[PDB]
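What follows is a single chain, given as structure tokens, in the form deposited in one PDB entry.
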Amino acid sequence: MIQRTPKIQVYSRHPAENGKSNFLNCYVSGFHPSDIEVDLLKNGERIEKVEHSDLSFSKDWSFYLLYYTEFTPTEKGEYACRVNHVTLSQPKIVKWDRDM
């Protein structure tokens, strides 16, 4: 058996084909087992519509999830990614930094 804690990165990207649009991303990487719960939050509230959830695995059966959706950040509000995993004794909340 192996278990590996997910690394969690929260960042924003503009797709080059539509640069005015902006996407909030939570990249959850290197985890095992694959069982997981991942949400994007706005002001602590689950964002129910997340357009993209792309899961894959590597040769060593570590899993990778990109969880992302279109958003429009202003100076208002707090955005985050919340992850629950067996390796994590409490849910891990990683806030989005507007400079990322």
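Numbers for residues come from their place in the sequence shown, where the first is 1.
- Per-stretch averaging of Cα B factors for 7-15 and 73-81 places 73-81 on top.
- In this entry, the higher average B-factor at the C-alpha atoms falls on 55-63, of the pair 27-35 and 55-63.
- Sort the modelled residues of the chain by CA B factor and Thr87 lands in the lowest third.
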